[PDB]
Student: 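There's a structure below that I have some questions on.
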There are 4 protein chains.
Amino acid sequence: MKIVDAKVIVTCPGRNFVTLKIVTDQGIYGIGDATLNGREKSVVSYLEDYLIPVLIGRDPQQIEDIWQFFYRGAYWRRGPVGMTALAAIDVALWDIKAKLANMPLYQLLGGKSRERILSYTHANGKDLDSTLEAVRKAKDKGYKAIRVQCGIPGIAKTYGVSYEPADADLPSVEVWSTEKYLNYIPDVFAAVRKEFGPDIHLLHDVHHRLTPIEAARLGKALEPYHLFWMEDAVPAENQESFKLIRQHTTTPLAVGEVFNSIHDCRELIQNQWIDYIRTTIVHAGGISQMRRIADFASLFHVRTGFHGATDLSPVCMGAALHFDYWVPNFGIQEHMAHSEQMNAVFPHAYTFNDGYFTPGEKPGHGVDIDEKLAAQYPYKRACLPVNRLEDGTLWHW
Amino acid sequence: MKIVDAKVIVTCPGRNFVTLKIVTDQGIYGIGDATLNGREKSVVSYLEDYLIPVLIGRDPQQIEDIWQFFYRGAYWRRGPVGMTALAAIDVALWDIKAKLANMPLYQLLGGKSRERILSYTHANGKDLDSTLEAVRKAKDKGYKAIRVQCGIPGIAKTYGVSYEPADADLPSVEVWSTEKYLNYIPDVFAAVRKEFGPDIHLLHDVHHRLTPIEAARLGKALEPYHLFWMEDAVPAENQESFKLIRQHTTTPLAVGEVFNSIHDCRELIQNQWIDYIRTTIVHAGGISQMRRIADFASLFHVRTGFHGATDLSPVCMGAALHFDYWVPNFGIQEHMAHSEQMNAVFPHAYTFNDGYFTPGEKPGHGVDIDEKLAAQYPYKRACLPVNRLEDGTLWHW
Amino acid sequence: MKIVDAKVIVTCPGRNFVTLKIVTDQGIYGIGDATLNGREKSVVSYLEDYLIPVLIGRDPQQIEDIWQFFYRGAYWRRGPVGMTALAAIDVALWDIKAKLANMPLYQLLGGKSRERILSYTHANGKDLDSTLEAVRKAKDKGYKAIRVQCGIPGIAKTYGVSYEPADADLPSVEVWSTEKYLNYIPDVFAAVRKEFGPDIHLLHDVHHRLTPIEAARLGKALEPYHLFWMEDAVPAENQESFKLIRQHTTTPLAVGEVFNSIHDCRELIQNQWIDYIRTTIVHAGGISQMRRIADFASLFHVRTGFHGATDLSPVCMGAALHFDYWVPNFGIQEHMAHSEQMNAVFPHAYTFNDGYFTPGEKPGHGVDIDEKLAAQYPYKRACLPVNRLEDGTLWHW
Amino acid sequence: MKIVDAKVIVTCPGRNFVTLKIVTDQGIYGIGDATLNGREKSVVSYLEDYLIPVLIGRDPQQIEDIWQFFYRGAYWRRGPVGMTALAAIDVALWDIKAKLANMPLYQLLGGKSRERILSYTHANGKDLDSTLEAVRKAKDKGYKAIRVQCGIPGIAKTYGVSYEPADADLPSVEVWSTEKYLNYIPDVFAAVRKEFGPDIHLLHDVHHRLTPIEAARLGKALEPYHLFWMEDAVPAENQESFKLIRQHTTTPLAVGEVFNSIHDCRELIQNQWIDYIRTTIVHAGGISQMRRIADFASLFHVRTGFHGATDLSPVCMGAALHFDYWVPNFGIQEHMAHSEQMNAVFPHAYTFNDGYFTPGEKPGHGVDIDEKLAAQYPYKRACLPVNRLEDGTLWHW
Ligand SMILES: [Cl-]
Ligand SMILES: [Cl-]
Ligand SMILES: [Mg+2]
Ligand SMILES: [Mg+2]
Ligand SMILES: [Mg+2]
Ligand SMILES: [Mg+2]
């Protein structure tokens with residue numbers, strides 16, 4: 001068996017998606033997401049100019065050898081661009097292997113561990129009354145878990161308040177006050193629990209903005225409202241930052257949508273400083289690496305909570321749902337819904353019912369790409385915002 | 001898909017082997033080793049009286065759910081008997097999944113990572129001249145790595161000196177002197193290096209007999225002879241025992257043929273106290289658990305060194321060689337050869353050439369069991385020896 | 001003195017019990033419990049096919065040598081099956097030694113340390129009103145300590161809600177929601193304290209279902225109700241799991257009915273992460289090992305809290321009560337009462353009065369087995385339940 | 001002051017170099033190296049498609065704000081591609097600031113700390129006699145410090161044996177044996193010390209190939225030869241890997257040419273596990289980040305040892321030599337010489353005399369780019385090799 005061609009498809013059916021297609025000599029092909037929000041073309045070059053020329057002629061069944069060849073062989077290891085390129089290759093090869101086996105991908109991984117996959121949606125409001133209305137709408141759509149974000153008085157724009165953060169040709173500049181946020185946000189959760197009661201799962205994304213003792217304070221203030229998690233409370237390049245938060249609160253902690261390697265989270269997990277790892281298939285080297293992260297996590301009670309924003313394409317979502325159907329220590333799947341225009345480019349077998357997913361019984365990850373339709377939507381640059389404090393300091397968005 | 005029958009086959013073609021066969025409703029079947037040397041019938045009861053009745057009617061594709069169901073559902077977790085029964089089930093289910101995929105098992109795991117699998121053999125002598133002759137014979141058979149064990153002056157019988165340790169209806173009683181051994185064994189390695197030079201890989205199995213500071217002493221004494229490993233130097237129920245050895249020597253360390261769980265070796269591995277993990281598919285819950293142990297090990301530079309004594313059947317050896325062909329952090333495969341009579345009961349696809357194995361290209365793990373021939377050889381009890389010190393103290397064999 | 005015979009008696013006077021009887025050449029005999037709930041016949045084989053043939057002809061006075069011979073000599077060490085078989089031997093030999101001394105067993109251990117032994121009973125209800133009624137009934141029976149378990153709204157079946165968990169030929173499948181439980185259970189303890197006041201000792205068994213930060217949350221929520229203990233809050237194969245719970249709550253912690261070795265709890269105890277060790281004579285290698293566990297525990301303020309469910313036979317209960325009468329760091333004895341039919345098979349000297357036990361003054365542990373009556377009740381398989389989450393995930397029962 | 005244009009120049013005068021030029025509205029410009037060996041075009045896209053469009057119109061004097069804007073604002077932080085793009089910007093802005101000040105760059109950093117900068121060169125041979133000849137030639141060129149690499153018997157190709165490792169359109173595949181290397185390399189250093197005596201500084205690059213206990217063994221074997229350093233002994237994604245090496249040898253340790261962030265080496269440095277940090281201006285975010293790494297290093301006795309292979313352009317070398325002239329804890333500068341054809345494209349003020357450099361007194365870093373000459377040499381792909389073990393395993397090159 002040999003790879004005879006591989007190509008990168010770039011399309012913008014409402015936002016940019018990058019997809020790798022690998023084609024074998026017996027006409028089976030596989031696809032993988034390669035989208036890196038706000039840096040997309042750097043991955044297109046990484047694949048087209050360096051990795052694809054090496055793939056040609058290789059036996060696609062050699063998933064592990066190819067993964068190690070690219071992970072170690074780049075010499076400069078890890079990193080968002082290289083690990084997203086490698087994720088695209090890895091997923092496309094698992095898609096091929098499952099097609100060759102005539103099995104849905106979750107069967108290759110070890111079979112199903114559950115009959116349905118819990119998801120969460122987003123409820124965002126500019127103020128508290130609008131936030132409560134957004135929670136009602138999310139519940140009305142059948143979601144049993146809801147991420148709640150609310151505008152803060154005295155702050156113009158804040159994270160998560162249809163929201164699509166890559167909103168401009170060059171980065172938008174948001175302004176931020178930590179103290180205004182910490183004083184106000186617990187009141188939002190008190191009002192949501194008063195209206196909606198204790199059974200609904202509530203999530204909150206802090207979006208990198210606090211220091212550890214501020215996150216400790218916030219976690220304590222949110223304990224009465226028993227959140228499913230408090231996410232990304234502090235930037236995590238120094239993993240020891242979470243030890244102080246963990247010392248002071250029992251609100252469960254999630255982190256890691258921005259990571260690309262097990263080495264970004266090994267210490268967070270083995271020291272039991274977090275409850276959910278959010279690192280994704282598309283941004284951290286594919287299924288091969290994420291199986292290892294999830295298995296490592298399971299020894300320490302940590303559960304998977306994959307990021308699921310719209311900048312992860314339906315190809316990532318199909319791979320993630322097959323992974324979610326098998327992995328023992330599944331926690332939750334984020335679902336920020338794609339638009340109809342986006343979905344049409346990526347026919348898929350996964351489906352949603354009453355707050356839960358199943359991955360679909362098609363062979364492979366069950367996702368394809370309509371190349372003729374993708375070609376109708378040329379790339380259009382869109383970058384993520386930056387965040388400044390009130391004095392102008394460039395802060396964490 | 002459903003399991004319609006499952007049975008335990010017990011045979012003694014020279015020594016006892018226990019095998020599980022699981023049969024599906026489309027006539028595909030799978031087999032797994034269930035042999036637990038010197039306690040074999042306890043696993044036969046564990047499977048026949050408790051686990052098989054639950055398997056019937058289950059979808060065999062649900063490998064992970066079935067693994068967790070038995071691992072957690074026993075309530076009394078881990079342990080040699082239950083984890084060997086679960087290994088037999090797990091391997092038989094991976095054998096079925098690979099047959100359903102029409103692939104050799106190593107392809108399901110992620111494909112091959114190497115073209116051949118290094119093995120080691122045993123060289124045993126009653127004295128130094130006979131040990132040197134046994135090393136010559138092992139080299140003449142094409143082995144590039146050799147475990148060297150030698151009789152010690154003033155000690156009647158010592159470990160590893162055709163050797164088959166389960167030698168009696170009830171346990172044989174060996175006698176041991178640590179100080180006689182520590183004074184003599186380095187001279188054996190000096191003489192082997194003088195005759196055979198530096199290129200041959202040399203291994204030594206201490207067989208549980210030392211305390212940590214004695215193992216530190218021995219490791220230091222063996223450094224000039226640059227061993228591939230020093231194995232099982234101290235009993236390892238208290239994993240911190242290896243910290244003191246690691247403090248004092250750079251001879252590489254191996255342990256773990258007797259373990260049945262990742263929880264027996266998590267601390268040894270994450271603290272970098274060992275170089276090779278020896279825990280096997282048959283004794284530690286099958287491929288599902290050993291993939292997790294090997295992956296965990298890889299984060300800490302630890303490599304696989306599966307035990308490979310004759311009490312692991314050819315079904316274990318086939319599963320181990322498919323695992324060895326894929327796993328990135330492969331170190332070595334032990335090969336204590338089965339006899340012709342043993343091999344005839346278990347037709348297999350794996351082959352040996354010039355010191356190395358390949359697993360074979362047959363679907364599944366490539367091993368089968370000839371039931372009609374197995375039935376010619378009824379069980380015959382054989383227990384492992386015990387070891388006493390010179391004063392009678394019951395020691396570690 | 002020699003052992004001339006040893007046999008395994010299996011009987012089901014309402015549930016399965018396995019008993020070893022060792023007979024000496026002067027007609028003194030001893031008995032030990034060998035019951036391993038839901039895996040019983042694997043221990044019967046371990047004893048009949050491997051250990052008993054070695055016992056014959058040995059001097060029964062050599063308790064320590066025989067213990068080490070089996071513990072080390074199995075080669076594959078520890079584990080539920082082997083450690084329960086060894087417990088049966090060890091207890092039967094202590095029974096013989098105390099008979100030869102003409103003393104109740106507690107005198108051999110060092111004599112009595114107390115005049116009576118505190119016990120606790122079970123109060124279980126399907127809802128809060130029924131739970132309160134069960135607490136009243138338990139108090140009316142003279143108990144000064146009561147384990148309270150209550151059905152949770154929105155959950156069909158939960159742990160501990162006459163309850164006998166091995167309820168079926170194959171495992172029953174329970175369904176579980178952690179979040180429903182955590183939201184409700186503190187209200188049960190508030191209502192029990194409001195009705196019954198502060199003097200009664202209250203216990204709760206979490207039954208393995210939480211993660212560490214969830215157990216930290218629950219322990220904090222239960223602090224106002226000053227429980228005697230919160231038990232088995234998280235699965236404990238990774239003993240470091242308790243460090244995070246201990247960081248966050250002063251509710252006292254108990255664990256360990258499922259353990260079989262000191263190596264399952266050494267780190268829990270020496271780091272002062274628990275208050276009570278629950279590991280039993282029958283499941284952890286008998287009196288010889290439990291004396292060592294209790295003594296180790298005493299250096300770190302940990303007290304004994306032996307498990308005492310109905311699946312530990314009256315032979316275990318007699319041995320446990322003699323141990324309880326002597327051990328300095330006694331905490332409490334669980335008492336889930338045997339039925340009349342069960343008690344008739346095992347005549348015993350221990351007695352209950354107003355919430356407390358004494359072991360009895362008969363030589364040995366004071367328990368015997370009526371072989372003729374035992375023979376009226378053939379084995380009948382009964383397995384423990386499994387537990388699944390609402391999505392189907394196989395969880396901890 | 002405003003940036004009015006910025007462009008990426010790609011040229012291959014013997015090997016590929018990528019350079020950013022930033023032009024201000026008063027005609028001052030600055031340049032920075034952006035070369036990422038074997039992945040070059042991914043950085044060209046990162047800059048052209050994402051970062052340059054943001055630079056236009058910014059005040060170039062705002063070095064720190066621009067650094068934080070790109071480091072945090074990418075969202076996906078760190079990594080070889082993004083940190084090399086940011087390095088190019090940072091160096092070009094420091095070049096501009098020093099031109100605006102009319103000072104050589106080292107004056108802006110704090111002035112000179114030394115009068116000359118020690119360098120080392122490479123001596124490589126296919127065998128020992130040729131290695132000794134290469135050392136003689138290196139000494140004859142005036143070098144006082146020499147990195148020695150030698151071919152190993154029984155190994156075809158090994159690291160560092162005019163050597164330019166990016167030698168092919170697609171990766172060359174080298175083969176490796178750790179045990180052959182460990183047995184032989186100490187003899188090379190014994191022979192170099194016998195011929196050349198103790199005063200010459202000797203360096204060795206292990207090139208990622210060992211495990212920690214193998215590196216401990218090698219460091220001990222090299223102690224008699226008192227090396228300046230042993231470099232890159234083990235892959236360092238798990239920084240704790242160096243703790244075991246440090247436990248066992250006093251040979252000084254260097255690592256880090258492949259790192260891109262302080263977070264790749266914080267633990268190596270603060271625990272005193274290394275002696276020299278090798279991370280470079282071009283690959284780790286420029287002067288702004290490297291000042292912080294070097295200052296952090298100084299608290300723990302760690303000295304700078306910048307990588308200096310030919311794939312770091314003369315623009316990197318000029319920036320590195322100005323940094324080297326100022327930084328207090330300077331250790332050494334690697335110098336793998338550029339060819340005449342390479343040097344002609346990048347006129348520069350730094351000079352070499354008798355083994356040492358000075359950076360030059362021109363304003364800025366003293367390096368420029370001849371755009372007309374650069375345009376004569378179009379890009380030509382060249383990738384770094386990969387390394388396989390003798391069985392085919394994809395290993396660390
Ligand atoms: Cl990157
Ligand atoms: Cl067991
Ligand atoms: Mg987020
Ligand atoms: Mg061994
Ligand atoms: Mg309990
Ligand atoms: Mg180097």
Side-chain angles (χ1 to χ4, degrees), chain A residues 111-119 144-145 193 197-202 219-220 222-230 243 245-254 269-276 297-304 324-333 355-358, chain C residues 152-155 173 175-187 206 208-223 230 232-251 267 271 273 386-396:
Chain A
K112 70 182 181 186
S113 284
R114 52 190 53 73
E115 295 289 7
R116 48 174 181 182
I117 298 162
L118 180 71
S119 69
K144 313 291 187 256
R193 283 292 184 213
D199 300 332
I200 184 72
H201 304 309
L202 297 181
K220 286 162 56 168
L222 295 177
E223 286 174 14
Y225 315 116
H226 50 103
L227 273 61
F228 189 95
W229 71 46
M230 178 174 67
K243 179 177 180 186
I245 309 174
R246 195 62 147 184
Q247 183 152 16
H248 282 286
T249 184
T250 51
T251 284
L253 302 180
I269 289 170
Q270 75 177 55
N271 290 297
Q272 294 183 221
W273 294 335
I274 64 173
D275 301 291
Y276 295 89
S298 74
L299 291 170
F300 303 101
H301 303 275
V302 175
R303 289 174 280 186
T304 66
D324 290 332
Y325 212 43
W326 155 72
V327 65
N329 58 316
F330 175 73
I332 201 163
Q333 174 68 47
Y356 295 91
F357 284 92
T358 57
Chain C
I152 307 303
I155 305 184
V173 183
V175 178
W176 176 250
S177 167
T178 286
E179 290 81 5
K180 293 178 173 71
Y181 167 72
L182 294 174
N183 284 331
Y184 182 76
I185 194 67
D187 291 348
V206 177
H208 316 283
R209 278 136 196 240
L210 302 184
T211 65
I213 207 72
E214 287 171 351
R217 171 181 167 205
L218 179 57
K220 286 162 56 168
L222 295 177
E223 286 174 14
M230 178 174 67
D232 288 7
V234 308
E237 298 103 322
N238 181 340
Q239 293 178 60
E240 303 172 28
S241 303
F242 277 72
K243 179 177 180 186
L244 179 58
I245 309 174
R246 195 62 147 184
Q247 183 152 16
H248 282 286
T249 184
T250 51
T251 284
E267 294 99 293
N271 290 297
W273 294 335
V386 302
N387 194 29
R388 291 184 182 282
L389 302 184
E390 285 175 340
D391 68 348
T393 297
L394 194 291
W395 197 238
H396 303 101

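Both backbone and side-chain heavy atoms feed into the values below; hydrogens, waters and symmetry mates do not. The chains referred to below are lettered A, B, ... by the order of the sequence lines, with proteins before strands, and numbering in each begins at 1.
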Student: Among C:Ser177, C:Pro212, C:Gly154, C:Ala221, which residue has the highest count of heavy-atom pairs closer than 4.5 Å to chain A?
Tutor: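 The option with the most such pairs is C:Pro212.
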Student: Does the pair C:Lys220 and A:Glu223 meet the rule for a side-chain contact (heavy atoms from CB on, under 4.5 Å), with working shown?
Tutor: CA-CA 11 Å; C:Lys220 286 162 56 168; A:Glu223 286 174 14; 2.9 Å; yes
Student: Side chain, backbone, both or neither: which part of A:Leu253 has an atom under 4.5 Å from a heavy atom of chain C?
Tutor: neither
Student: First locate atom CG of A:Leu118, then atom CD of C:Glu390, and finally report the distance between them rounded to the nearest 0.5 Å.
Tutor: 10.0 Å
Student: Sequence neighbours excluded, which residues qualify as salt bridge (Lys or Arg N to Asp or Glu O under 4.0 Å) partners of A:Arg116?
Tutor: none
Student: Let me confirm one number: the OG1-CD1 distance from A:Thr250 to C:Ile245, rounded to the nearest 0.5 Å.
Tutor: 12.0 Å
Student: Please determine, among C:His248, C:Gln247, C:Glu240, the option with the most heavy-atom pairs under 4.5 Å with chain A.
Tutor: C:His248
Student: Please step through side-chain contact (heavy atoms from CB on, under 4.5 Å) for the pair C:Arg217 and A:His226, ending with a clear verdict.
Tutor: CA-CA 9 Å; C:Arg217 171 181 167 205; A:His226 50 103; 3.6 Å; yes
Student: Could you go step by step and tell me if A:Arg303 and C:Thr211 meet the side-chain contact (heavy atoms from CB on, under 4.5 Å) rule?
Tutor: CA-CA 10 Å; A:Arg303 289 174 280 186; C:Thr211 65; 3.7 Å; yes
Student: Any chance you could measure C:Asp391, atom CG, to A:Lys112, atom NZ, to the nearest 0.5 Å?
Tutor: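 The NZ atom of A:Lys112 is 11.5 Å from CG of C:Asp391, to the nearest 0.5 Å.
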Student: Just how far is it from atom CD of A:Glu115 to atom OG1 of C:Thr393, taken to the nearest 0.5 Å?
Tutor: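 It comes to 10.0 Å.
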Student: Pair A:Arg246, C:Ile213 - check side-chain contact (heavy atoms from CB on, under 4.5 Å), show working.
Tutor: CA-CA 9 Å; A:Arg246 195 62 147 184; C:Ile213 207 72; 3.5 Å; yes
Student: By a 4.5 Å heavy-atom criterion (distance strictly below it), what part of A:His201 contacts chain C: side chain, backbone, both, or neither?
Tutor: side chain
Student: Quick check: closest heavy atoms across A:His301 and C:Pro235, and the distance to 0.1 Å?
Tutor: CE1-O, 3.9 Å
Student: Going by ring-ring contact (aromatic ring centres under 6.0 Å, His included), name the residues that satisfy it together with A:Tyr325, two or more places apart in sequence or in a different chain.
Tutor: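 Counting only residues at least two positions away or on another chain, A:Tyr325 forms a ring-ring contact (aromatic ring centres under 6.0 Å, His included) with A:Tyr106.
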